[PDB]
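Sequence lines set the chain letters: A, B, ... in the order given, protein chains first and strands last, and positions in each chain run from 1.
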6 protein chains.
Amino acid sequence: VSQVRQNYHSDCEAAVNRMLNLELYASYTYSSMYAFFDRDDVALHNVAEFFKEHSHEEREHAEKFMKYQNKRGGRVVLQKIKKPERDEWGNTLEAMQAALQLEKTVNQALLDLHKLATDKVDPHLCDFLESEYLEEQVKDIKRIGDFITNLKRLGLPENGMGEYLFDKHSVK
Amino acid sequence: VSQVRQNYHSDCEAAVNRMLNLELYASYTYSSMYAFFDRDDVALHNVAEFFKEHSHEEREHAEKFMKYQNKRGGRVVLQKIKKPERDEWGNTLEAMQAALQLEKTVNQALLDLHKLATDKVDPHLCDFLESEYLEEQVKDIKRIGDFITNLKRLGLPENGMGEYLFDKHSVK
Amino acid sequence: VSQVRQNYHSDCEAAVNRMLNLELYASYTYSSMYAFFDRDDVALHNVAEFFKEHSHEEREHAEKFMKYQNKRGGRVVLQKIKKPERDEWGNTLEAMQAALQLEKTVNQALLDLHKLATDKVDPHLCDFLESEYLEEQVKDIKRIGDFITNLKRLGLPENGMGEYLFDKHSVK
Amino acid sequence: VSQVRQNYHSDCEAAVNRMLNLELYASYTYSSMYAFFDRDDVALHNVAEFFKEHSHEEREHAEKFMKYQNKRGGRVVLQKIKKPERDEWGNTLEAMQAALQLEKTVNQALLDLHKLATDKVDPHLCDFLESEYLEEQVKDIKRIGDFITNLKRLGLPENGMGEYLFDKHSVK
Amino acid sequence: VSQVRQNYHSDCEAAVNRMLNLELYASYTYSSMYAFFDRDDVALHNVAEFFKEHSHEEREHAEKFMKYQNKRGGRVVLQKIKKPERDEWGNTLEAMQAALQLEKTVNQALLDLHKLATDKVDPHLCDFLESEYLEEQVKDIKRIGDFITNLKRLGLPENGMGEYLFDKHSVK
Amino acid sequence: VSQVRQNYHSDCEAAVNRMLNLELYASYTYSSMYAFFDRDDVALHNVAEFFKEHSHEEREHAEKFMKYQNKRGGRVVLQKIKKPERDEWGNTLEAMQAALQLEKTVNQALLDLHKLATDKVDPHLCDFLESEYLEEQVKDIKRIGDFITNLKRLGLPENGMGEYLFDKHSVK
Ligand SMILES: [Cl-]
Ligand SMILES: [Cl-]
Ligand SMILES: [Cl-]
Ligand SMILES: [Cl-]
Ligand SMILES: [Cl-]
Ligand SMILES: [Cl-]
Ligand SMILES: [Cl-]
């Protein structure tokens with residue numbers, strides 16, 4: 001047992017490692033979206049940069065789980081990062097609907113881990129998840145939800161002018 | 001094909017996608033080293049931070065290939081990022097030796113790509129490789145060799161004091 | 001021969017003179033586009049200014065060739081600058097389409113010159129072309145391609161509101 | 001007819017297009033002199049720069065005619081730019097004598113245009129020519145004449161020492 | 001083999017050692033010229049300083065080759081530095097003609113090395129030579145050629161007044 | 001005879017030329033040490049920089065004798081610079097020991113020259129040697145002797161940790 005380990009159940013250590021992988025998968029999916037919107041036949045650079053920023057955010061979240069593992073005396077165990085669901089993301093509305101889906105998947109995993117930490121009576125892990133993940137997760141979901149509503153208002157996917165205006169004004 | 005595409009061979013497009021993935025693989029390997037040296041039973045923080053910074057470098061190299069692909073009108077195609085070779089890296093010397101081997105693997109892949117771009121008569125790709133990758137590769141390989149020489153001079157793996165001193169004096 | 005001349009083939013000297021003339025031809029073509037978009041019955045000032053800047057860019061590229069010729073001990077021989085292919089450029093999308101074609105023509109000529117320099121074993125001329133022309137060319141081609149994608153998304157050529165939006169938001 | 005056009009005769013419109021071309025032809029001749037004085041076997045750098053500056057001045061004059069045409073609702077029509085009269089310019093005195101003749105040729109054409117504008121009762125065109133062209137012409141002719149006087153005083157064309165001193169002291 | 005060595009042919013390693021000796025030889029020749037123009041019976045101090053600065057430049061070039069050798073895992077092997085070809089250099093024109101001959105000799109040796117590096121498929125070596133040597137060589141040759149033309153215009157070697165003026169106006 | 005020459009014996013003139021060469025010989029020897037400690041299988045950067053600095057110092061000493069020769073109306077006569085005694089310098093201790101013997105050799109040559117200048121009754125030469133050479137010689141000899149004592153206290157050649165520590169602490 002690690003000399004620093006105290007009140008840190010094996011189940012939670014395994015769950016932290018799975019959560020880290022899921023954060024990396026999300027980061028990679030966001031990188032794919034960045035690359036798509038940067039294509040010459042797509043050309044929505046502000047949208048591309050939005051997704052690049054979220055890729056970086058999700059990578060930072062995974063790195064925080066690595067540091068957390070070590071702080072508690074757990075051991076980081078890495079797995080392969082699966083390639084994203086799609087190679088092409090259709091348009092701004094499809095990609096944002098996919099980001100909403102992804103965010104909710106990550107959120108549900110964090111809520112699952114929080115419930116496990118509550119059940120194992122690990123208040124440090126609960127506090128970490130509340131402070132560093134749950135809040136930002138709700139904020140991100142709301143932001144993307146707001147975007148979806150505006151994209152639909154702007155006539156997406158049919159309305160090319162509306163897609164241009166979104167890139168210029170909602171993610172400028 | 002893409003309206004921007006000019007003098008960009010399909011073999012080179014494909015090789016850029018493979019190169020991007022190898023850079024991500026190297027980034028992930030370095031992240032594993034960072035997490036190892038941050039363990040409470042290893043605790044070499046400066047060494048940990050050295051590998052963290054190299055994980056950042058390799059990820060930036062991958063992103064530059066993504067951007068490059070789009071510039072030339074190629075299409076980014078992502079694959080799975082394989083987990084690193086080891087979960088545990090032994091000590092600073094073993095880790096640096098592993099790092100040297102990784103850097104020489106990435107370097108050979110970049111030289112292989114440069115030769116393909118040469119055979120295919122693509123000066124833009126050659127120049128990109130020369131400026132953005134080839135010189136940093138040689139620099140990074142020289143630094144790591146220098147580190148290995150010093151670690152051996154310090155009596156690694158056996159000399160714990162030598163290892164402590166390297167971490168305080170050789171890395172940032 | 002000139003006292004400074006070394007490893008500079010007569011074919012490369014002649015090709016540099018042709019390349020200089022092609023750059024002046026390109027500069028003159030962009031000048032015509034500037035004057036078209038500045039007409040009272042066209043009146044897209046930011047579009048006009050975009051072509052004015054590219055006119056000034058192409059003229060600088062020709063000037064760089066003149067200086068290069070003297071540096072290597074070659075002799076600048078000027079020829080007539082042909083008038084542009086059109087007096088009127090239709091609209092922003094037709095003009096960008098023509099600019100893409102022109103940039104690809106200039107790019108192919110630079111690529112042909114690099115191939116000659118390679119074959120004639122002139123690495124100074126190869127390096128000049130890579131560092132001063134090839135990089136800029138690919139960037140300019142990517143930007144124009146992105147513009148055309150967005151112009152099509154905005155409903156050009158028929159959609160005047162789309163063309164107005166482009167002038168206000170994509171160029172500047 | 002253009003919505004903005006008022007008191008702008010077709011003869012004046014046509015003459016502005018011819019004037020535009022002449023200014024470009026002057027600019028190109030000056031470019032040729034710059035390239036000549038930058039030759040390794042000529043090497044009078046300040047003389048070269050003086051001619052480069054005049055090339056720039058004449059191009060700006062052409063551009064101002066383009067803008068003027070549009071302001072009045074005339075239509076820019078571009079023609080081939082003829083290559084300069086010579087490939088090599090002999091020496092500073094011969095180039096300066098050539099420049100004086102070019103400058104008087106452009107001046108006469110501006111004077112003939114002003115006479116046409118007067119005859120056609122176009123005071124706006126008269127005022128434009130007076131403010132933007134006629135004054136600069138007389139100043140340039142005076143400067144070049146002064147230079148020719150000094151080059152002869154210095155024993156050009158035979159006195160190489162005089163030519164060197166001119167390049168160091170009379171041109172900036 | 002050195003642990004850092006990769007894609008670095010022994011022929012190139014040998015050629016790098018020969019190249020740095022040649023740079024040292026050129027440095028020493030320039031130092032001799034410095035010492036000659038500082039003589040009380042020559043007394044052309046700005047000419048002397050020009051040669052001193054070029055001696056320093058060529059010394060730095062050799063040192064860059066030593067650093068390069070180590071960066072690639074090659075081994076610096078030093079040889080004797082031959083004394084310069086002459087003990088006295090006649091006058092400014094003779095010395096600049098000698099400097100041109102020397103610069104073209106160095107340039108040819110660099111071009112030979114680039115060709116060897118191309119043949120051995122070493123793009124790292126190619127890029128180094130292009131960026132750090134070939135560009136500056138061409139600039140140095142042009143500058144010296146320009147000076148020769150000017151010394152000949154000023155009546156060298158016969159014209160003592162001309163030589164005085166060159167020292168006061170073309171150098172320092 | 002030079003118009004400036006006064007109280008300057010031919011024997012002393014020749015001795016200054018011999019002294020110049022030995023300073024160059026010393027500079028080249030320190031350059032060799034610089035390159036050795038910069039090897040990837042040696043990698044003591046601070047020690048390498050120490051020897052680079054002393055290489056610079058001896059070069060400056062050689063230049064100063066060239067200038068002195070000219071000030072007195074003597075004539076600089078250059079001879080070949082012999083390659084250093086060794087291609088490889090063992091370790092910091094061996095290198096410092098070799099540096100001490102080299103410094104002693106240069107110092108004996110300067111004392112011999114001072115003695116000749118004394119016998120030939122040349123106080124200007126005596127004074128030049130005292131102020132510009134003899135004091136820094138004694139300082140440099142004391143510094144290297146101090147280094148050697150410390151390297152021995154540190155347990156060189158065998159104590160690798162001792163060598164690492166000296167590089168981090170005794171040299172700049
Ligand atoms: Cl416990
Ligand atoms: Cl769209
Ligand atoms: Cl009217
Ligand atoms: Cl210039
Ligand atoms: Cl000629
Ligand atoms: Cl190899
Ligand atoms: Cl150059």
Side-chain angles (χ1 to χ4, degrees), chain B residues 29-30 32-54 86 88-104 139-171, chain E residues 1-5 70-71 73, chain F residues 33-51 88-97 147-171:
Chain B
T29 296
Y30 284 134
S32 176
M33 297 184 180
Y34 154 78
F36 173 82
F37 289 100
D38 183 62
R39 281 171 50 165
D40 78 89
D41 59 0
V42 181
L44 293 164
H45 186 70
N46 292 331
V47 173
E49 295 295 333
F50 174 78
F51 293 125
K52 195 231 268 214
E53 102 195 21
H54 279 275
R86 299 180 68 190
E88 201 273 355
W89 300 93
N91 59 58
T92 309
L93 170 65
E94 270 184 37
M96 288 298 172
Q97 288 166 151
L100 182 64
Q101 194 41 67
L102 177 64
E103 298 281 341
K104 298 217 260 183
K139 202 192 303 154
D140 285 344
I141 295 172
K142 179 61 163 60
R143 182 164 171 186
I144 297 162
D146 286 353
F147 282 159
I148 293 162
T149 298
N150 280 281
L151 288 160
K152 286 178 167 172
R153 160 181 297 125
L154 286 163
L156 268 88
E158 298 86 4
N159 183 14
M161 185 177 296
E163 192 162 22
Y164 176 89
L165 286 184
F166 178 94
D167 168 280
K168 300 284 163 190
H169 290 282
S170 288
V171 282
Chain E
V1 62
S2 163
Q3 71 191 321
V4 304
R5 202 190 183 114
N70 284 325
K71 257 201 271 182
Chain F
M33 287 173 194
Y34 156 70
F36 172 73
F37 290 101
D38 180 57
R39 289 164 48 156
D40 79 84
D41 63 355
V42 175
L44 299 165
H45 187 246
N46 291 325
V47 170
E49 293 294 341
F50 175 79
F51 286 129
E88 182 277 339
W89 301 94
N91 54 67
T92 311
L93 176 63
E94 276 195 14
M96 289 299 179
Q97 290 173 139
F147 282 162
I148 291 170
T149 290
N150 278 281
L151 286 158
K152 290 177 166 176
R153 156 185 297 123
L154 279 168
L156 273 88
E158 300 323 308
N159 192 334
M161 172 168 98
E163 196 161 17
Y164 177 86
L165 286 180
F166 179 94
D167 172 274
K168 302 295 175 172
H169 291 300
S170 294
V171 287

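Distance check: B/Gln97 CD to B/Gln101 CD gives 10.5 Å after rounding to the nearest 0.5 Å. Rounded to the nearest 0.5 angstrom, F/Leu44 CG and B/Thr149 OG1 are separated by 9.0 Å. Note: B/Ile144 CD1 to B/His54 NE2 = 5.5 Å, rounded to the nearest 0.5 Å. Here the straight-line distance linking atom CG of B/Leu165 with atom CG of F/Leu165 works out to 5.5 Å at 0.5 Å rounding. F/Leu151 CG to F/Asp167 CG: the interatomic distance, rounded to the nearest 0.5 Å, is 10.5 Å. E/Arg5 CZ to B/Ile141 CD1: the interatomic distance, rounded to the nearest 0.5 Å, is 13.5 Å.
Residue E/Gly73 comes nearest to E/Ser2 through the heavy atom pair O-CB, 3.4 Å, listed as atom of the first residue, atom of the second, then distance. Minimum heavy-atom separation, F/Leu154 to F/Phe166: CD1-CB, 3.8 Å. Scanning all heavy atoms of the two residues, the minimum distance from B/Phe36 to B/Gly90 falls at CZ-N, 3.4 Å.
Residues passing the salt bridge (charged side-chain N to carboxylate O under 4.0 Å, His left out) test with B/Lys142 are B/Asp146, sequence neighbours excluded. Applying the side-chain contact (heavy atoms from CB on, under 4.5 Å) criterion to B/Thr29, with sequence neighbours excluded, gives B/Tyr25, B/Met33, B/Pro84, B/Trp89, B/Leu102. The salt bridge (charged side-chain N to carboxylate O under 4.0 Å, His left out) check on F/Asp40 picks up E/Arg75, with sequence neighbours excluded. Applying the ring pair (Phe, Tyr, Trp, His ring centres under 6.0 Å) criterion to B/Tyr34, with sequence neighbours excluded, gives no partner residue. Shown here are the side-chain hydrogen bond (donor to acceptor under 3.5 Å, both in side chains) partners of B/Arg86, two or more places apart in sequence or in another chain: B/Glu88, B/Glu94. Applying the side-chain hydrogen bond (donor to acceptor under 3.5 Å, both in side chains) test to E/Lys71 and every residue at least two apart in sequence or in another chain returns B/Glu135. Contacts of B/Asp38 classified as side-chain hydrogen bond (donor to acceptor under 3.5 Å, both in side chains), with partners at least two apart in sequence or in another chain: A/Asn70.
Listed for the E/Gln3 side chain is a donor-acceptor partner under 3.5 Å among the backbone atoms of B/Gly145.
Atom NZ of B/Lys152 has 12 or fewer heavy atoms from other residues, nucleotides or ligands within 6.0 Å.
Residue pairs meeting the side chain to side chain donor-acceptor pair (under 3.5 Å) criterion with at least one member in residues 153-164 of chain F, sequence neighbours excluded, are B/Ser170-F/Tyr164, F/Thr92-F/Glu163, F/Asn150-F/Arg153.
Below 30°, between 30° and 60°, or above 60°: for B/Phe50 and B/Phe147 the angle between ring planes is above 60°, a perpendicular geometry.
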